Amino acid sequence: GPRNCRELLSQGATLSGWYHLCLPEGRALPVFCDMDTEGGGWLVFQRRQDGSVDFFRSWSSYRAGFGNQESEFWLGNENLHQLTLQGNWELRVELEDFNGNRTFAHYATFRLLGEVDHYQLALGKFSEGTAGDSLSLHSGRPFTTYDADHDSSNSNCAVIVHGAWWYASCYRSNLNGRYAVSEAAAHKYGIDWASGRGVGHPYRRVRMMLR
């Protein structure tokens, strides 16, 4: 089958939805392709919109992916590593506050290193975005989870901020953070983007996507 969402689109798959990709190692993977936004051809690998899915999960869970196709999910670190082995994939982050105001952030490339290197983030340069840049700090850093502490803190940031991310100590972004249904409900550390609304001021809806 197809290697990515751009190729599905070219062959006339014009509706956003769940499609199979054939990974380089010859394995099939269900992914959500956004065929509509910004030209289309985006592979959505993370999505937050209602708090129905628990994102405070272990190393194996984040490695393999988890969640619901109808709602919230993380595609999986190993899938992201395999997809990003070859090709150049731009990252688009989409964020929406409780007022429906949408902001964005675009990076030239996105790649994850392998499990041996703790799925370390290799991020390209920030090109444009109304949300601003809150991911560059995390470039070069290992992913850490509650049961796999690899950060640069003398504590475990996954536990501290209740998430999983390429933590330093701890973050400028935490998009896999704990869901809050409004503001009054907001956590001390939530689904935050520092240079957008700042730490402790979360978003209602989030997507991360590659093309």
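Each residue number is its position in the shown sequence, starting from 1.
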Item checked: Between 52-60 and 181-189 (mean CA B-factor, as deposited), the higher -> 181-189
Notebook entry, point to check: Given the B-factors recorded for C-alpha atoms, which segment has the greater mean, 152-160 or 24-32?
Noted result: 152-160
Next item on the list: Name the one of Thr144, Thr37, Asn68, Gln46 with the greatest CA B-factor according to the PDB entry.
Entry: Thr37
Check: According to the deposited entry, which of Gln86, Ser136, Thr109, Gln120 has the largest Cα B-factor?
Finding: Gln86
Notebook entry, point to check: Should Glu78 be placed in the lowest, middle or highest third of its chain by the C-alpha B factor in the entry?
Noted result: lowest
Next item on the list: Could you tell me which third, lowest, middle or highest, the C-alpha B-factor of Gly114 occupies within its chain?
Entry: lowest
Check: C-alpha B factor of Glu72, ranked within the chain: lowest, middle or highest third?
Finding: middle
Checklist line | Assigned third (lowest, middle, highest) for the C-alpha B factor of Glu94 | finding: middle
Item checked: B-factor third for the C-alpha atom of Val199 within its chain -> highest
